[PDB]
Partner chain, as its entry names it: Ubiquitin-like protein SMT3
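Encoded as structure tokens, the following chain is the form deposited without its partner chain, with no partner shown.
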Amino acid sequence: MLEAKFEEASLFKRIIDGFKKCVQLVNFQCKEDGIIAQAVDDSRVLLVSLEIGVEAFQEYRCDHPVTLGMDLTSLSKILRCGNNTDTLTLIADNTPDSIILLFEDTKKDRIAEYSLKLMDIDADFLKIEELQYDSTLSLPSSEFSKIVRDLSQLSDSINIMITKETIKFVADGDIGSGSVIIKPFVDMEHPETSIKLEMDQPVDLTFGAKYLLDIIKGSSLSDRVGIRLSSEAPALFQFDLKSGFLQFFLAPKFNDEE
């Protein structure tokens, strides 16, 4: 058996929106200590990796490990079916015929029960996070989202450049160009808004804006976004959940296509 009760369905809804772009079908490995899920896009340049621990649920129980393969368009369709604030419960049995999603509101009446037919997916799981990235920064998710959205209208390629205490986002395109330059600082009235940066090596990488636009919709899960960039590996964009994370690994455009 498996019973995972979210305190508010909105968290699961936004987690799956993190995947609803950018990728199609997903395996959800539920183990005794929580849920992991991974998904690669078709061009195989962006991996989405979710980890929800037990404390991020209001209740959680998994007797044996169980893998739930799900169509994200169909699961999203099912996930529009409550309020954001209803307690959504995932329920499955030993070898799962299908997953069962059980909503419940503050008015304990009229409980709604959906069921998603589970598909079969072959689980090629990737561990591609490095130990050392060339630079690490963190900034408010809102601010990263606006930078990406704005620059995405000038060209289809956004270029992130890190020098000593200087983070430069640039898009040069046919019509024109744009450049947002941010610098590290500590806001004392609100550590909400600070911009942290550790630079071990300057970086100059360029990413497709399609994918950065995909990545920034995790802003609805975390106040802040962590960006680990490296010339030797895909870049990592991390949104921290209440004891968990949603991660986007994105490969930069190559040298000759910059």
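Residue numbers count along the first chain shown, from 1.
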Which has higher Cα B-factors on average according to the PDB entry: 135-143 or 90-98? 90-98
On mean Cα temperature factor in this entry, is 208-216 or 192-200 the higher one? 192-200
Based on what the PDB entry reports, which of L50, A56, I227, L46 has the top C-alpha B-factor? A56
Select one of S179, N159, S115, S155: the residue whose C-alpha shows the highest B-factor in the crystal structure entry. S155
Going by the recorded CA B-factors, say which third of the chain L72 sits in, lowest, middle or highest. highest
Lowest, middle or highest third - CA B-factor, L236: lowest
Where does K127 sit by CA temperature factor within its chain: lowest, middle or highest third? lowest
Rank-wise, by C-alpha B-factor, drop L221 into the lowest, middle or highest third of its chain. middle
Quick check on the deposited entry: does the C-alpha B-factor of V186 sit in the lowest, middle or highest third of its chain? highest
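Here the subject shifts to the form deposited with its partner chain bound, a form of this protein not shown in this document.
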Identify, from the list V203, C30, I195, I216, the residue with a heavy atom within 4.5 Å of its partner chain in the deposited complex. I195
Please tell me whether any heavy atom belonging to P96 falls inside 4.5 Å of a heavy atom of its partner chain, as the geometry stands in the deposited complex. no
With a 4.5 Å heavy atom cut-off, would you call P191 a contact of its partner chain in the deposited complex? yes
